[PDB]
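Colleague: Sending over a structure as structure tokens; questions will come in a sec.
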Amino acid sequence: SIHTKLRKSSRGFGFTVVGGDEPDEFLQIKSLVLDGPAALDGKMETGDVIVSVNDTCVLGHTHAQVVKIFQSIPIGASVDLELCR
Amino acid sequence: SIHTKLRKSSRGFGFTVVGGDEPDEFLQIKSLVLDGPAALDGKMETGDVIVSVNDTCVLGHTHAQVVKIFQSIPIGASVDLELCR
Amino acid sequence: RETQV
Amino acid sequence: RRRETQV
């Protein structure tokens with residue numbers, strides 16, 4: 001279990017996700033963006049499974065729902081992430 | 001995200017699991033067994049998604065792989081579980 | 001697929 | 001290569 005908190009920038013949170021192509025498959029961090037919030041923070045790493053976002057469990061959500069909740073965060077607001085590796 | 005520890009009895013841990021179809025699908029708790037370890041502990045609930053078992057993440061493991069992890073725990077020993085609601 | 005452990 | 005979305 002890994003817990004972090006990232007601030008939303010105009011360029012995003014600084015990471016890419018994969019998975020969630022059907023409601024039964026979990027999501028994963030595919031890449032970290034150079035000089036992005038995820039990377040300066042240094043706690044997330046490629047292959048990490050996304051468990052929850054702002055206390056909301058995302059294991060069971062589609063890749064589309066999760067992208068939506070990440071893009072739904074206003075610039076400057078922060079997000080609490082729980083990841084498993 | 002919830003964290004419990006259960007003691008292994010001859011009768012098992014007292015819960016059943018569904019899911020884990022393919023290695024990118026997740027596993028869930030279907031039922032709790034009357035007065036078994038899990039139910040008496042009172043923390044686990046049906047629908048709960050299994051994230052990890054004893055420090056190690058099970059989200060990338062199949063249904064049989066995780067069942068082998070629970071069955072390979074000797075009686076009297078206890079597992080640490082992290083589940084998400 | 002429901003296995004009792 | 002599966003779908004990879006930046007956020």
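Values in this text are rule-based calculations from the coordinates and carry no lab data. All Cβ positions, even for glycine, are placed from backbone atoms using ideal geometry, and neighbour counts span all protein chains on display.
Colleague: Inside the stretch B:8-29, can you point out the residues that are touching a strand residue (DSSP E or B) at 6+ places or on another chain (Cβ under 7 Å) and either among the acidic types (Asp, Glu) or loosely packed, with under 15 Cβ neighbours inside 10 Å (or both)?
Modeller: Answer for the stretch B:8-29, where residues must be touching a strand residue (DSSP E or B) at 6+ places or on another chain (Cβ under 7 Å) and either among the acidic types (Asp, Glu) or loosely packed, with under 15 Cβ neighbours inside 10 Å (or both): B:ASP24, B:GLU25.
Colleague: Checking B:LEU32 against (1) more than 18 Å from A:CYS84 (Cα to Cα); (2) surrounded by fewer than 19 Cβ atoms within 10 Å (Cβ to Cβ); (3) aliphatic (A, V, I, L, M), which single condition isn't satisfied?
Modeller: The one condition B:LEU32 does not meet is (2).
Colleague: Right, something else. Can you pull out the residues in the stretch B:24-52 that are more than 15 Å from A:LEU59 (Cβ to Cβ) and either aliphatic (A, V, I, L, M) or within 10 Å of chain A (Cβ to nearest Cβ) (or both)?
Modeller: Hits for the stretch B:24-52 are B:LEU32, B:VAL33, B:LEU34, B:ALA38, B:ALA39, B:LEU40, B:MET44.
Colleague: With the requirement that a residue be exposed (fewer than 13 other Cβ atoms within 10 Å of the Cβ) and of a type in the set (A, V, I, L, M), what does the stretch B:73-85 give you?
Modeller: B:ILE75, B:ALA77
Colleague: Suppose we filter the stretch B:54-72 for residues that are out of contact with any strand residue (DSSP E or B) (no Cβ under 6 Å at 6 or more places or on another chain) and either within 14 Å of chain C (Cβ to nearest Cβ) or loosely packed, with under 13 Cβ neighbours inside 10 Å (or both); how many remain?
Modeller: Residues of the stretch B:54-72 that are out of contact with any strand residue (DSSP E or B) (no Cβ under 6 Å at 6 or more places or on another chain), as a first pass: B:55-56, B:60-65, B:68, B:70-72.
Narrowing further to those that are either within 14 Å of chain C (Cβ to nearest Cβ) or loosely packed, with under 13 Cβ neighbours inside 10 Å (or both): B:55-56, B:61-65, B:68, B:70-72.
Total satisfying the criteria: 11.
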